[PDB]
2 protein chains.
Amino acid sequence: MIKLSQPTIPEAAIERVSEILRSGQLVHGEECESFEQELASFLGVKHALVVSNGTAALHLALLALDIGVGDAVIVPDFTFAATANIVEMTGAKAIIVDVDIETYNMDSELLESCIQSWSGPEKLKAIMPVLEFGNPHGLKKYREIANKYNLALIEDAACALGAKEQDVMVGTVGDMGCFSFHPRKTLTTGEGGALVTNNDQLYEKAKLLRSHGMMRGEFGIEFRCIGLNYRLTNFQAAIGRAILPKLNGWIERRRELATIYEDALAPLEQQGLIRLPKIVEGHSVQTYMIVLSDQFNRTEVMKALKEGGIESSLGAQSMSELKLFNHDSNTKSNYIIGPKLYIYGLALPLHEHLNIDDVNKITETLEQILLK
Amino acid sequence: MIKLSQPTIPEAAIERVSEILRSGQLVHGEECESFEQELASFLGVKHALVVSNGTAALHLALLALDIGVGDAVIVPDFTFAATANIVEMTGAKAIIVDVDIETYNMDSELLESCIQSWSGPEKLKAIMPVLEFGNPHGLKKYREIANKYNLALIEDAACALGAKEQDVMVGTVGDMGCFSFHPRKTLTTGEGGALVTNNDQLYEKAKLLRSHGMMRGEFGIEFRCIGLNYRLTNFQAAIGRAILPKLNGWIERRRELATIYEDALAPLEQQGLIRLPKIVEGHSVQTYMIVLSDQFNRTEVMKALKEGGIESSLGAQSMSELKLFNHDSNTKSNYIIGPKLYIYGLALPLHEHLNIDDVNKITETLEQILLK
Ligand code: NA
Ligand code: NA
Ligand code: NA
Ligand code: NA
């Protein structure tokens, strides 16, 4: 069976996890601190905070910017539900903007006009674009637009650790940036995430919120404010630390698999039967999602692929189609691209233990299905 | 060095964690489901949900009962900050009631009069007592009082998995019960927690909130509501599953260490120099906390113990002393017992790898310090 995802925990990491469990040094320790340092250096960013999961990173980002009831945050239509959900878990309203058919990322023009026509009643406080599947495209434009309208930028870089927007690493352009280490993401810690920022106050506040308002004082730990628990275990941090130095190389290889997919599938694209993703420079290829033409029923294609020993799945959700984000601004609107990607987007296997021969099998199976 | 805490991960668990990491089956899986079943059977309760940490269990309990802005929840003065913090993270107000000097648990009489004199403006919705250090005492009274005033009961049983109130397991009397698997708690998963309930709607709602509103529908996963991510990893669940069948036996042994402490220290108690905890039937002895007489400066005692090769620490915090929970009801009040325990409570080593000879050393060192 060719799998969509096959999480890769280096044997070194496995042995280190065993040492930690045996010695009983379990809670956020030197291991988390080191991971944070190592992430910050990898990204070229001032501060990193590792946390329970990528949702927790987005949540702490929101809480650190004091976003909640009476506020609004713009999210993309195409993403995982967590993006829009976590905004509304704070009491703010998720304001949906459609994505671009080429990049699967928030459409920068539709973003700008959404801000221009914003009529309240909530105060628009932030933009939360997704660098979907590892695609950096649009990030500098989001920064530009955010600054123009005096809004915070929160990068939902869940899928995009090690993605690069030209000269600048994804996650380091927003006021804060958020990563997931969920098993389908390329670096995993089972569950895990990271919140990053070049801003000291945002860092210090999120750090308080991550662990019950705790900080080191003159005579030990002081409780400075109300907070949560979104700490990551020491042994989860160790897993992360062992993968990070391999991550760039993993991404290079994934870009090579993408090339092989592009090779095999370009005729089908040219025949108007599918659309391929544009793997720009700096795309980390967390997911390789094609778009089936309307002619094809994705559920049937998936079943046929499965019979031929190939896993596949939808890429992400349409936030408008979920019917959970009920601000007037969303219901009065018609989304085009996200709902389309939701129904016809197809993720194909792409990971660390896929080779040319596998991709060839995948591509031949898809071809026969689509040309029947 | 005699340590306060020495987390015990069975070698079986270590090998199983290694198998899970190597096979790449990481996200909440059969392992979490099995742990939940095994917890529910251990407790004699209908539903269990494992989660990121004990704070997350309290949070989901609050959110499932729809407690937030405009609401109030009664918490004990003596506890870990998370108890009161997580109430206020929902927008509700933490209303503090003092504890009993004998049990370190919410004083049931002061609880009743706090309800009787409650004058708003918020709606009192719940009581969140702590079964502090594994002490079940008071639990049936909390249930009685909650029912009398039509309030929800949320047991903060962070420290009390395997504690028993007569015939009934701690955690199973509240509308919901919450456990921590933090490293200092007897069963640890590094970080981890569990939310339990005999109520189906509370269970189903918390289960939605734990993972982005997700549920199994006709054609796979449906997104029914807004939620969070408080999932526990599969490999953390495995650790838990390996410890649970040993837990009763661990508790029996801790009660034996308590006996040895009581033996050695009763003269000092009788001389009015310390007060010992009452280890009632069903006390799980997560912590063995004595109270120093006012004569003694706990910081100095701790330093002296440390020089003599013995770790020790404060037991918990006073929520009133933190000055974070600013409802009128709390500031207009004077707390007696919690602030005292906060300043003079001293936790002594008690865990799975402490023996009679260690306790003897601890007790002799403490004696010499206190009798100087
Ligand atoms: Na060990
Ligand atoms: Na619509
Ligand atoms: Na492996
Ligand atoms: Na006071």
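Basis of the calculations
- As presented, residues are numbered from 1 along each chain according to the written sequence, a scheme that may differ from that of the entry, and residues lacking coordinates are left out.
- Both sets of labels track the order of writing: A upward for chains, 1 upward for ligands.
- Heavy atoms from the whole structure form the basis of all side-chain values; hydrogens and water molecules are not counted.
- UniProt positions are given in the numbering used here, feature names are shortened, and annotations may be inferred rather than shown by experiment.
- By definition, two strands form a pair when at least two bridges between them are found by DSSP.
- The way it works is that DSSP assigns letters per residue, a run of H or I at least four long becomes a helix, a run of E at least two long becomes a strand, and they are numbered from the N terminus.
- For helices, the axis comes from a line fit to the C-alpha atoms of the stretch in contact; other axes are also lines fit to C-alpha atoms, and the angle between any two N-to-C directions lies between 0 and 180 degrees.
- We call two residues in contact whenever any of their non-hydrogen atoms come within 4.5 Å of each other.
- For a helix, the expected span equals 1.5 Å multiplied by the number of residues minus one.
- Burial classes: relative accessible area under 20% of the type maximum marks a residue as buried, over 50% as exposed, and values in between as partly exposed (1.4 Å probe, protein chains only).
- Throughout, the accessible surface (probe 1.4 Å) given up by two parts as they are put together, summed over both, is called the buried area.
- Any carboxyl oxygen of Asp or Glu within 4 Å of a side-chain nitrogen of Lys or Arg constitutes a salt bridge here.
- Here the term charged refers only to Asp, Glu, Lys and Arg, the term nonpolar to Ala, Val, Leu, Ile, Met, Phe, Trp, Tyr, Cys and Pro, and the term polar to all other amino acids, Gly among them.
- Only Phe, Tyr and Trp rings take part, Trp by its six-membered ring, and two of them pair if their centres are within 6.5 Å. Stacked means planes under 30 degrees apart, edge-to-face means over 60, and tilted covers everything else.
- The criterion is that NZ of a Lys, or CZ of an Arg, lies within 6 Å of the ring centre and within 35 degrees of the ring normal, and then a charge sits over that ring.

You'll find chain A entered in the PDB entry as DegT/DnrJ/EryC1/StrS aminotransferase, with Psychrobacter cryohalolentis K5 given as the organism. According to UniProt, the comment filed for chain A under the heading Sequence similarities (unreviewed entry) is "Belongs to the DegT/DnrJ/EryC1 family."

Within a beta sheet, neighbouring strands are joined by backbone hydrogen bonds and run either parallel or antiparallel to one another. All names here are of chain A. One open sheet accounts for 7 strands, arranged β1-β10-β9-β6-β5-β2-β4; its pairing is mixed. The open sheet terminates on both sides in strands that have one partner only, identified here as β1 (47-51) and β4 (93-97). Pairs of neighbouring strands in the sheet enclose a mean axial angle of 30°, with direction left out of account. Note: strand β6 (residues 152-156) against strand β9 (residues 176-180), 3 bridges, orientation parallel. By the bridge assignment for β9, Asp-156 is matched with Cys-178. Helix α7 (residues 200-210) rests against β1, β9 and β10 (193-197) of the sheet, and its axis sits at about 20° to β1.

Okay, helix α2 (residues 30-43) of chain A next. An α-helical turn contains 3.6 residues, so a residue and the one three or four places further along point in the same direction. Residue and element names in this part refer to chain A. Helix length check: α2, at 14 residues, gives a terminal C-alpha distance of 20 Å against a target of 20 Å (1.5 Å per residue), a fit within 8%. The complete set of buried residues in α2 reads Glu-31, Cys-32, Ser-34, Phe-35, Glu-36, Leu-39, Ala-40, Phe-42 and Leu-43. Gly-44 lies just past α2 and shows a positive phi near 75°.

Moving on: the UniProt feature "binding site: Mg(2+)" (unreviewed entry) in chain A. Per the UniProt annotation, the sites labelled "binding site: Mg(2+)" (unreviewed entry) are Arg-22 of chain A. Relative to the elements of secondary structure, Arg-22 of chain A occurs in helix α1 (residues 11-23). By relative accessible area, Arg-22 of chain A is classed as partly exposed at 48%. Every residue in contact with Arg-22 of chain A, bar those within four places of it in the chain, is listed here: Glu-11 and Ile-14 of chain B.

Moving on, we come to the interface of chain A and chain B. Counting residues at the interface gives 48 residues for chain A, matched by 48 residues for chain B. Of all residues in chain A, the largest losses of buried area upon contact with chain B belong to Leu-21, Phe-223 and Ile-226 of chain A, amounting jointly to 16% of the total for that side. Between the two partners, chain A and chain B, sit 4 salt bridges. Of the charged contacts in the structure, one is a salt bridge between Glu-191 of chain B and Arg-231 of chain A, with a shortest N-O distance of 2.8 Å. For the side of chain A that touches chain B, the secondary structure elements donating two or more residues are α1, α3 (54-64), α4 (82-89) and α8 (234-270) of chain A. At 6 residues, the largest contribution of residues to the side of chain A that touches chain B is made by α1 of chain A. Class assignment of the residues belonging to the side of chain A that touches chain B gives a composition of 25 nonpolar, 17 polar and 6 charged.

Scanning all chains against the criterion turns up 14 aromatic pairs over all chains. On the numbers, 6.1 Å between centres and 75° between planes, the contact of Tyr-104 of chain A with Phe-133 of chain A is edge-to-face. With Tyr-104 of chain A in the loop between β4 and α5 (108-116) and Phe-133 of chain A in the loop between β5 (123-127) and α6 (139-148), this pair connects stretches of sequence that are 29 residues apart. What makes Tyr-104 of chain A buried here is its relative accessible area of 3%. What makes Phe-133 of chain A buried here is its relative accessible area of 3%. Judged by centre distance (6.4 Å) and plane angle (75°), the rings of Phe-78 of chain B and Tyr-104 of chain B are edge-to-face. On the criterion of sequence distance, the pair formed by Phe-78 of chain B in strand β3 (residues 78-79) and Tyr-104 of chain B in the loop between β4 (93-97) and α5 (108-116) is long-range, its members being 26 residues apart. What links up through ring pairs into an aromatic cluster is the set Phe-78, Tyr-104 and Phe-133 of chain A. One residue, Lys-185 of chain B, lies across the ring of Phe-80 of chain B, its end atom 5.8 Å from the ring centre.

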